[PDB]
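Presented below is the structure to which this report refers.
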Amino acid sequence: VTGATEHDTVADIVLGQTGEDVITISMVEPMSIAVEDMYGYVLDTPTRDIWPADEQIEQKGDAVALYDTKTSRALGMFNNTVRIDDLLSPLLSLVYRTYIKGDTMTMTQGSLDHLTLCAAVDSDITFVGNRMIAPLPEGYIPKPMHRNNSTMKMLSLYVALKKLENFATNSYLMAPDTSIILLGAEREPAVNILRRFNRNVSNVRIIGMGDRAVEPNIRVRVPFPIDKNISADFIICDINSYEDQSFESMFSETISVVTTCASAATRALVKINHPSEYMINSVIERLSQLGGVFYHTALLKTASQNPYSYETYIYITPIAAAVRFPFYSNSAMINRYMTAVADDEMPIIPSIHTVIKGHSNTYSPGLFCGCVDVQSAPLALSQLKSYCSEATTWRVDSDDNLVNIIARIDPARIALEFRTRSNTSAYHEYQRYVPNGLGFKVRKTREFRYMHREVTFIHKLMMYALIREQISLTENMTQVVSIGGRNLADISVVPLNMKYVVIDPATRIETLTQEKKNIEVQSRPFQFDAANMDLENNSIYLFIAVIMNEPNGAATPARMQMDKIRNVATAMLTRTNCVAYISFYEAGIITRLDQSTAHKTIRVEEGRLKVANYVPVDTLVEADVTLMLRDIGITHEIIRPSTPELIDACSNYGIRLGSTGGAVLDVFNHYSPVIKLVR
Amino acid sequence: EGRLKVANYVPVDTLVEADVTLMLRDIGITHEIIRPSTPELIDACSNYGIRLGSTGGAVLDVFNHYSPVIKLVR
Ligand SMILES: C[S@@+](CC[C@H](N)C(=O)[O-])C[C@H]1O[C@@H](n2cnc3c(N)ncnc32)[C@H](O)[C@@H]1O
Ligand SMILES: C[S@@+](CC[C@H](N)C(=O)[O-])C[C@H]1O[C@@H](n2cnc3c(N)ncnc32)[C@H](O)[C@@H]1O
């Protein structure tokens with residue numbers, strides 16, 4: 001951000017247009033994941049006892065209101081931009097091309113690698129012996145399996161149904177059961193894949209049934225004709241409403257679908273196109289009328305689904321004893337649909353900027369793409385630090401005088417910059433690069449409008465957006481003390497006008513570069529002793545991922561975290577205008593993760609939530625914290641990031657959700673809530 | 001096994017005073033914890049012609065302080 005060179009009224013820099021044979025820009029970045037991580041799912045479970053009449057009418061009002069006023073236009077734009085078949089096609093292509101060359105050996109009969117191979121190729125695969133693939137006969141080239149967008153999702157759903165009944169299974173075979181896929185299935189590839197996958201089994205009957213089915217599937221309409229009997233062990237239903245109807249018609253259609261599926265098999269997975277609290281709870285109520293049988297239901301969402309899809313799957317199975325808590329309220333997987341309210345502004349399309357300006361804030365999020373003369377490269381690189389924290393500079397040939405530059409606009413860098421009027425940079429360091437210090441790369445460069453970030457980065461961005469909205473809503477405030485802030489991570493929320501203070505025992509000290517940007521750093525620890533707590537009358541205090549750990553790198557028990565919360569709450573009393581924000585993992589996420597298999601980085605170890613290679617930390621119970629803050633006597637509030645925060649993060653930052661990250665993001669956000677302690 | 005066996009009853013478990021008091025502060029009712037004292041011991045031993053024993057004298061001080069009464073009033 002800062003340097004030893006002082007700029008003033010510097011002339012702007014124009015980047016010339018680069019040919020399409022040197023720099024090419026794509027829309028959505030493909031994502032690379034291990035083959036075993038395509039088949040995941042995350043559980044969500046009901047947490048309510050009764051469905052009273054006032055709740056019924058309010059939920060109906062909240063649901064019908066979001067039908068005519070369709071889902072947010074920005075979410076619709078991202079959902080159809082980031083598909084799933086394209087988001088993982090290179091992996092399947094790699095598998096198929098490896099298979100054809102004769103490089104596929106030593107995989108288990110029913111492993112997920114075998115299932116992926118059955119989805120990647122068309123021909124039948126035989127085992128010359130257990131745990132080895134027979135080489136294909138000479139002269140045989142099998143065409144790659146042409147599957148649609150919703151095929152890998154069906155494979156993951158089949159895996160989930162084959163995994164719920166036995167959580168310790170390592171193979172997925174159905175001897176000698178049967179299954180049917182309730183789906184229109186114009187040209188169903190999943191039936192072919194599953195038939196090719198269970199061939200060694202003695203006899204399993206699997207087939208699709210739907211409205212527009214072709215051979216070998218059967219063309220029927222749901223509910224089934226009265227003069228026919230259908231019966232199977234598994235149901236994987238996903239029925240869509242292509243035509244436009246009212247709320248009542250889709251209600252009746254989905255009620256009939258759920259009843260028929262639940263009466264057709266011992267286990268069923270049914271897709272809900274419009275998952276609302278009222279709709280899901282009405283489905284739950286109708287489940288009880290099915291002959292007085294007790295049904296156990298839990299919301300599900302696979303890891304091979306469209307990351308931005310608000311559609312969630314329901315799971316239905318009979319249970320010996322009726323579940324005490326059958327109803328859902330403010331669940332993780334419904335709040336992606338509730339909070340997807342139509343926008344008050346048009347979606348912002350990322351753009352390419354070709355002109356570099358000196359301290360000019362007229363830049364929308366996007367990329368800096370262009371080429372400049374080698375002599376102006378240090379100057380342009382010194383002037384674009386005010387917007388971007390990274391830049392990839394390279395040259396084509398040593399006989400070429402122009403230098404190609406790519407850089408992404410970073411809102412955190414904008415927030416840290418522009419806090420003052422001073423313009424300093426290490427322009428003296430960059431002139432050491434001319435002319436051969438800027439790299440060479442003959443090959444074409446491929447950069448994406450929406451790059452990839454891990455799940456925790458997405459969550460932090462959404463929570464920062466939420467806190468920034470909250471802080472901007474208030475008024476008459478002097479500073480924002482970031483207790484947990486390390487390396488100025490929380491600066492994305494503080495307004496440029498007001499101060500910002502960091503109290504972290506481990507942070508770099510450089511007094512001049514912190515004076516030049518109006519920040520103050522205190523490398524002393526934050527003592528949670530209400531007698532010595534240094535809370536200004538008019539300030540905002542941020543506690544982000546700091547309560548849950550120790551500054552030396554250790555984890556803290558739940559009672560210590562509760563004591564810290566109590567200390568900050570009590571010491572925050574006897575103040576005029578004080579606001580504090582605290583975040584903590586909740587105890588409801590342990591129940592969901594220990595039943596699921598989509599855990600990639602957010603994992604559970606011995607009851608402590610192992611998140612992103614950090615030490616395993618225990619969770620807190622919402623009821624206990626709420627009771628403690630009720631007894632203390634301060635105005636508390638549990639707030640969680642929602643869909644608009646996700647959209648704003650993924651739009652300002654040119655980053656999009658991953659295939660595996662989409663399933664876990666619903667649950668993760670609901671169980672890392674934020675406390676708003678105000679006066 | 002962590003329970004109180006009194007008068008050959010079925011052993012029963014014990015409540016924490018902090019939890020009980022904390023519960024009544026949220027509910028919103030006036031509450032108090034009352035305990036019998038030495039004058040109550042004298043009155044029981046005078047109005048009824050009874051006296052303490054040897055094994056009962058030592059244990060009764062502990063028995064009083066941990067069998068309290070909650071006086072909820074409006
Ligand atoms: C998602 S589309 C099918 C897309 C593709 N075949 C696939 O594998 O997902 C859902 C299908 O369900 C069928 N469908 C719609 N309403 C139905 C109903 N009421 N009863 C039975 N099938 C229905 C439609 O024909 C439609 O093709
Ligand atoms: C998990 S990081 C959180 C980073 C940042 N707060 C954020 O937005 O996520 C927590 C950091 O806070 C620091 N820290 C731990 N205890 C602290 C305390 N009691 N007071 C101030 N800082 C602390 C630690 O050095 C640790 O690196």
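Starting from 1 in every chain, residues are counted up; chains themselves are A, B, ... following the order of the structure tokens, and ligands are numbered from 1 as listed.
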Using only C-alpha atoms, determine which residues of chain A fall within 10 Å of chain B; present them as a PDB file with C-alpha atoms, in the first residue's frame.
```pdb
ATOM      1  CA  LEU A 627     -30.192 -16.925  28.900  1.00  0.00           C
ATOM      2  CA  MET A 628     -26.883 -15.478  30.115  1.00  0.00           C
ATOM      3  CA  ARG A 630     -31.007 -12.077  29.375  1.00  0.00           C
ATOM      4  CA  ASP A 631     -29.833 -12.337  32.984  1.00  0.00           C
TER       5      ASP A 631
END
```
Shell of 10 Å around residue 159 of chain A, only C-alpha atoms, local chain residues under 6 positions omitted, as a PyMOL selection string:
chain A and resi 39-41+112+115+153+171-173+302
Using only C-alpha atoms for the distances, tell me which of A:65, A:414, A:602, A:609 is nearest to residue 517 of chain A.
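Ranking A:65, A:414, A:602, A:609 by distance to residue 517 of chain A, first place goes to A:414.
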At a cut-off of 9 Å around ligand 2, and using only C-alpha atoms and all ligand atoms, what residues come up? Please write them as a ChimeraX atom specification.
/A:460,464,482-490,502-507,523-528,542-553,614
Output N, CA, C and O atoms for every residue in that selection, as a tab-separated table (two decimals), in the first residue's frame.
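Result written to again_5.tsv:
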```
chain	number	residue	atom	x	y	z
A	460	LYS	N	-16.44	-15.76	5.50
A	460	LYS	CA	-15.89	-14.53	6.06
A	460	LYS	C	-16.33	-13.33	5.24
A	460	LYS	O	-16.65	-12.27	5.80
A	464	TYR	N	-18.53	-10.28	6.72
A	464	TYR	CA	-18.04	-8.90	6.62
A	464	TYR	C	-19.06	-8.00	5.93
A	464	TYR	O	-19.25	-6.86	6.35
A	482	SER	N	-11.00	-3.31	16.48
A	482	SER	CA	-11.01	-4.69	16.00
A	482	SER	C	-10.09	-5.52	16.89
A	482	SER	O	-8.87	-5.58	16.69
A	483	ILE	N	-10.68	-6.17	17.89
A	483	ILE	CA	-9.90	-6.94	18.85
A	483	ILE	C	-9.30	-8.18	18.18
A	483	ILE	O	-8.11	-8.47	18.34
A	484	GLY	N	-10.12	-8.91	17.43
A	484	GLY	CA	-9.63	-10.11	16.79
A	484	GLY	C	-8.91	-9.90	15.48
A	484	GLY	O	-8.39	-10.86	14.91
A	485	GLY	N	-8.87	-8.66	14.99
A	485	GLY	CA	-8.27	-8.37	13.70
A	485	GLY	C	-6.78	-8.66	13.65
A	485	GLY	O	-6.01	-8.12	14.44
A	486	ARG	N	-6.38	-9.52	12.72
A	486	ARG	CA	-4.98	-9.84	12.49
A	486	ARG	C	-4.65	-9.55	11.03
A	486	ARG	O	-5.32	-10.06	10.13
A	487	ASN	N	-3.61	-8.74	10.81
A	487	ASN	CA	-3.23	-8.28	9.48
A	487	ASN	C	-4.37	-7.56	8.78
A	487	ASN	O	-4.63	-7.77	7.59
A	488	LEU	N	-5.07	-6.70	9.53
A	488	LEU	CA	-6.04	-5.76	8.96
A	488	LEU	C	-7.10	-6.48	8.14
A	488	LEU	O	-7.49	-6.03	7.06
A	489	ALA	N	-7.58	-7.62	8.65
A	489	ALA	CA	-8.55	-8.42	7.93
A	489	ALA	C	-9.95	-7.82	7.97
A	489	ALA	O	-10.74	-8.02	7.04
A	490	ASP	N	-10.28	-7.08	9.03
A	490	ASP	CA	-11.62	-6.55	9.23
A	490	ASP	C	-11.81	-5.17	8.63
A	490	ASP	O	-12.89	-4.59	8.78
A	502	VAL	N	-6.67	-1.57	16.18
A	502	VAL	CA	-6.41	-3.00	16.27
A	502	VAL	C	-5.68	-3.28	17.58
A	502	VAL	O	-4.68	-2.63	17.89
A	503	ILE	N	-6.19	-4.25	18.34
A	503	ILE	CA	-5.56	-4.70	19.58
A	503	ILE	C	-5.30	-6.20	19.41
A	503	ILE	O	-6.15	-7.03	19.73
A	504	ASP	N	-4.12	-6.55	18.91
A	504	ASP	CA	-3.77	-7.94	18.66
A	504	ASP	C	-2.34	-8.17	19.14
A	504	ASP	O	-1.43	-7.43	18.74
A	505	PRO	N	-2.11	-9.19	19.97
A	505	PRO	CA	-0.74	-9.43	20.46
A	505	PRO	C	0.23	-9.83	19.37
A	505	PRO	O	1.45	-9.72	19.58
A	506	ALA	N	-0.25	-10.28	18.21
A	506	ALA	CA	0.60	-10.74	17.12
A	506	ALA	C	0.21	-9.99	15.85
A	506	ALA	O	-0.67	-10.43	15.10
A	507	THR	N	0.86	-8.85	15.61
A	507	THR	CA	0.66	-8.08	14.39
A	507	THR	C	1.90	-7.23	14.15
A	507	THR	O	2.54	-6.78	15.10
A	523	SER	N	-0.19	-3.83	20.29
A	523	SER	CA	0.27	-5.22	20.31
A	523	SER	C	0.13	-5.86	21.68
A	523	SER	O	0.71	-6.93	21.91
A	524	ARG	N	-0.62	-5.25	22.60
A	524	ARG	CA	-0.88	-5.82	23.90
A	524	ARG	C	-2.12	-6.71	23.86
A	524	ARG	O	-3.03	-6.47	23.06
A	525	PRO	N	-2.19	-7.74	24.70
A	525	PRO	CA	-3.36	-8.62	24.69
A	525	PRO	C	-4.59	-7.91	25.22
A	525	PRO	O	-4.50	-6.96	26.00
A	526	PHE	N	-5.75	-8.40	24.80
A	526	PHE	CA	-7.03	-7.86	25.26
A	526	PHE	C	-7.45	-8.62	26.51
A	526	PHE	O	-7.84	-9.79	26.44
A	527	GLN	N	-7.38	-7.95	27.66
A	527	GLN	CA	-7.68	-8.59	28.94
A	527	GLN	C	-9.18	-8.58	29.18
A	527	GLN	O	-9.81	-7.52	29.21
A	528	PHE	N	-9.76	-9.77	29.37
A	528	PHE	CA	-11.19	-9.92	29.59
A	528	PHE	C	-11.55	-9.79	31.07
A	528	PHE	O	-12.22	-10.65	31.64
A	542	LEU	N	-15.16	-5.26	17.77
A	542	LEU	CA	-15.35	-6.43	16.92
A	542	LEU	C	-14.63	-7.63	17.52
A	542	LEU	O	-13.43	-7.57	17.80
A	543	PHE	N	-15.37	-8.73	17.69
A	543	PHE	CA	-14.85	-9.99	18.21
A	543	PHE	C	-15.16	-11.07	17.18
A	543	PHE	O	-16.18	-11.74	17.27
A	544	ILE	N	-14.26	-11.24	16.22
A	544	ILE	CA	-14.46	-12.15	15.10
A	544	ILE	C	-13.45	-13.28	15.23
A	544	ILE	O	-12.23	-13.06	15.10
A	545	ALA	N	-13.95	-14.49	15.48
A	545	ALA	CA	-13.13	-15.71	15.55
A	545	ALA	C	-11.97	-15.56	16.53
A	545	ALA	O	-10.90	-16.15	16.35
A	546	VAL	N	-12.17	-14.77	17.59
A	546	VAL	CA	-11.15	-14.52	18.59
A	546	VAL	C	-11.51	-15.17	19.92
A	546	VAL	O	-10.62	-15.67	20.62
A	547	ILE	N	-12.79	-15.18	20.28
A	547	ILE	CA	-13.24	-15.79	21.53
A	547	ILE	C	-12.94	-17.28	21.53
A	547	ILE	O	-12.60	-17.86	22.57
A	548	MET	N	-13.03	-17.92	20.37
A	548	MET	CA	-13.00	-19.37	20.24
A	548	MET	C	-11.61	-19.96	20.42
A	548	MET	O	-11.49	-21.19	20.47
A	549	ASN	N	-10.58	-19.14	20.52
A	549	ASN	CA	-9.20	-19.62	20.57
A	549	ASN	C	-8.45	-18.82	21.63
A	549	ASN	O	-9.03	-18.08	22.42
A	550	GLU	N	-7.13	-18.98	21.63
A	550	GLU	CA	-6.21	-18.32	22.54
A	550	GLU	C	-5.11	-17.68	21.70
A	550	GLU	O	-4.75	-18.22	20.65
A	551	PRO	N	-4.57	-16.53	22.12
A	551	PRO	CA	-3.54	-15.88	21.30
A	551	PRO	C	-2.26	-16.69	21.15
A	551	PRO	O	-1.49	-16.41	20.22
A	552	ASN	N	-2.01	-17.67	22.01
A	552	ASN	CA	-0.82	-18.49	21.87
A	552	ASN	C	-1.02	-19.66	20.91
A	552	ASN	O	-0.05	-20.38	20.63
A	553	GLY	N	-2.23	-19.86	20.40
A	553	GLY	CA	-2.50	-20.95	19.49
A	553	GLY	C	-3.28	-22.10	20.08
A	553	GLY	O	-3.41	-23.15	19.42
A	614	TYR	N	-7.29	-25.43	11.62
A	614	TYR	CA	-7.14	-24.79	12.92
A	614	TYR	C	-7.31	-25.83	14.02
A	614	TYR	O	-7.81	-26.93	13.78
```
Tell me which of A:415, A:119, A:154, A:100 sits closest to residue 136 of chain A, counting only C-alpha atoms.
A:100
Distance limit 8 Å, reference ligand 1, atoms considered: only C-alpha atoms and all ligand atoms. Which residues make the cut? Give them as number ranges by chain.
A: 148-151, 182-190, 209-213, 220-223, 238-242, 253, 257
Those residues you just picked out, can you put them in a file as a compact mmCIF listing (two decimals), in the first residue's frame with C-alpha atoms?
```txt
# COMPACT_ATOMS: atom_id res chain seq x y z
CA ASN A 148 -26.79 -34.10 -19.02
CA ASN A 149 -26.42 -31.50 -16.27
CA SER A 150 -28.39 -33.42 -13.62
CA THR A 151 -26.61 -36.79 -13.88
CA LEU A 182 -39.15 -41.06 -10.44
CA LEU A 183 -38.26 -38.50 -13.09
CA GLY A 184 -39.52 -37.42 -16.49
CA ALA A 185 -36.24 -38.69 -17.92
CA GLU A 186 -36.44 -37.58 -21.54
CA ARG A 187 -33.07 -39.24 -22.19
CA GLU A 188 -31.93 -40.59 -18.83
CA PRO A 189 -28.22 -41.48 -18.63
CA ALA A 190 -28.26 -42.25 -14.90
CA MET A 209 -40.51 -43.54 -14.68
CA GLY A 210 -41.68 -40.10 -15.70
CA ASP A 211 -43.77 -37.85 -17.89
CA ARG A 212 -41.52 -37.68 -20.99
CA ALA A 213 -39.69 -40.98 -20.58
CA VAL A 220 -46.34 -42.43 -16.79
CA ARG A 221 -47.87 -39.50 -14.91
CA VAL A 222 -47.58 -39.04 -11.14
CA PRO A 223 -49.67 -40.01 -9.21
CA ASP A 238 -37.15 -34.80 -8.83
CA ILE A 239 -40.22 -33.41 -10.61
CA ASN A 240 -40.12 -29.87 -12.01
CA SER A 241 -42.84 -27.40 -12.99
CA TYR A 242 -41.88 -26.31 -16.50
CA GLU A 253 -48.69 -31.38 -7.28
CA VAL A 257 -45.81 -36.44 -5.34
```
Can you tell me, as a ChimeraX atom specification, which residues in segment 2-68 of chain B count as helix (DSSP H, G or I) by DSSP?
/B:17-27,38-47,54-65
